[PDB]
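> using only what follows, build the 3D model:
(one chain, ligands or ions: 2)
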Amino acid sequence: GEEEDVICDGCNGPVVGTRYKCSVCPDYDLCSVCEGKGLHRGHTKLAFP
Ligand SMILES: [Zn+2]
Ligand SMILES: [Zn+2]
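Numbering: from 1, shown residues only. Ligands and ions are numbered 1, 2, ... in the order given. Coordinates below:
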């Protein structure tokens with residue numbers, strides 16, 4: 001079956017736990033850690049699991 005895998009754009013690893021998706025860029029996501037490192041600063045992001 002089709003499964004949409006969420007891969008972190010900061011570490012290239014699959015996002016588990018909390019997903020920080022950019023509201024500006026189409027289809028851009030960070031894991032909780034890369035988000036903690038403050039990557040992709042200038043864009044607003046949605047925070048949800
Ligand atoms: Zn990451
Ligand atoms: Zn962005």
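> helix or strand: which one has residue 10?
Counting by DSSP states H and E, no helix or strand carries residue 10.
> so who does the nearest residue to it once chain neighbours are set aside touch?
Nearest non-adjacent residue to residue 10, counting by Cβ to Cβ, 6 or more residues apart in numbering: residue 34, 2.7 Å away. Any C-beta I mention is one placed from the backbone N, CA and C, and that applies to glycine too. By Cβ atoms under 8 Å, 6 or more residues apart in numbering, the contact list for residue 34 reads 8, 9, 10, 11.
> likewise residue 7?
13, 14, 15, 29.
> the last one: neighbouring residues, count only.
Residues contacting residue 29 under the criterion other Cβ atoms under 10 Å number 21.
> where's the nearest residue to it once chain neighbours are set aside, which helix or strand?
Using Cβ to Cβ, 6+ apart and skipping residues adjacent in sequence, the residue nearest residue 29 is residue 21, 5.0 Å away. According to DSSP H and E, residue 21 maps onto strand 19-22.
> does anything pack onto the following helix or strand past that strand? Which helices or strands?
The first helix or strand that comes after strand 19-22 along the chain, using DSSP H and E, is strand 29-30. Strand 29-30 sits against strand 19-22, with contacts defined as 3 or more Cβ pairs under 8 Å, 6 or more residues apart in numbering; DSSP states H and E.
> please name every helix or strand in contact with the strand it packs on.
Looks like strand 19-22 contacts strand 29-30, strand 45-48 (3+ Cβ pairs under 8 Å, 6+ apart).
> partner strands of that strand, parallel or antiparallel?
Applying DSSP bridges, strand 19-22 is found paired with strand 29-30 (antiparallel), strand 45-48 (antiparallel).
> point out the most buried one among those strands.
Of all these, strand 29-30 carries the top mean neighbour count, a mean of 22, counting by mean count of other Cβ atoms under 10 Å.
> on that earlier part again, that's a strand at the residue nearest to residue 10, yeah?
No. Under DSSP: H, G, I helix; E, B strand; the rest coil, residue 34 falls outside any strand and is assigned helix.
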